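First, one chain by itself: the form deposited in one PDB entry, in structure tokens.
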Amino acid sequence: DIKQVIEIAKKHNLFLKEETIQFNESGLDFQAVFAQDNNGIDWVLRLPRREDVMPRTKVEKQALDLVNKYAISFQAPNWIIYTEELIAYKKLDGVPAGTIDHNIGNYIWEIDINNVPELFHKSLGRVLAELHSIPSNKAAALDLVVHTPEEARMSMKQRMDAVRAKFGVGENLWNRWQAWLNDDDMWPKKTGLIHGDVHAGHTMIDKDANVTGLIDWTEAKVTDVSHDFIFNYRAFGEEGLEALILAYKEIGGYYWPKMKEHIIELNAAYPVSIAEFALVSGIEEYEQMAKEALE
């Protein structure tokens, strides 16, 4: 694989320090290779795991084009090389806030989970408010999923019905979901460009736990911004959720009075996502997580 990497890089006019090549296999869509070029700059090489690379990454690249065009408070991958055989970009500054350990079923944290630095929330709030305000509507030909506020609500309604039809859903959980769907005042009246897979493994931080970059824009779309807040709630609890909401609101992010409550209900719909992923991915672990999560 190392020899293959060097050759693939060479074909794309990328020349590496062989001794620096390291593999990261945590991605389900790409093998990721870290390597320095001959000027000592750190690169990430995305080697696709499945065919039809161009069609399958078109959406992500459109989102990255928007972020690279508009955003200044955080870095996002800037694909200098982009072919069916290789995506390569300069590695973002900083390190992941945490990485998922699948055996343990939780994070290996770079930050102190018992004393989370308040700068993490302040900086993530800035990042998300900037991201969610990007004017995606100004693009001439976007292939991203784009929802109005009403469409985002109907999307959830439909996704829930589809999960119910295939997996079934416990009566009380279903009723909670429906109460959320039916409560007008809880739903946001603005949507935005989201990252869609915001979590510690994708949030790059500096030594002070400032979020300085976001990787992996596979799930980018224009919809309810709430999905980008779920990680804070699940990792840090209500306090971390409140801190992020506060920072986001105060820097000018779209805020509505029931935003926290809405995000908590979205968190209660976590099983929808697990069930969907089980279906598309065929990964046994997600199938069993889905069965237990749906009750």
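Counting begins at 1, following the sequence as shown. Take the two forms, find the largest set of C-alpha atoms that superpose within 1.5 Å, and that set is the rigid core.
One more form of this protein should be noted, the form deposited in another entry, which is absent from this view; the next part is about it.
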>> Can you tell me which of these residues, 161, 150, 184, 101, is the one whose C-alpha shifts by at least 2 angstroms between this form and the one not shown after a rigid core fit?
In response: 101
>> Relative to the superposed rigid core, does residue 238 relocate between this form and the one not shown - that is, does its Cα move 2 Å or more?
In response: no
> Quick one: core overlaid, is residue 208 moving 2 Å or more at the Cα between this form and the one not shown?
Replying inline: no
>> Would residue 250 count as moving between this form and the one not shown, using a Cα shift of 2 angstroms or more after superposing the core as the test?
In response: no
> Between residue 108 and residue 207, do the C-alpha atoms lie closer or farther in the other form than in the shown form, with a difference of 3 angstroms or more?
Replying inline: closer
>> Knowing the shift is 3 Å or more, I'd like to know if the C-alpha atoms of residue 144 and residue 139 are closer or farther apart in the other form than in the shown chain.
In response: closer
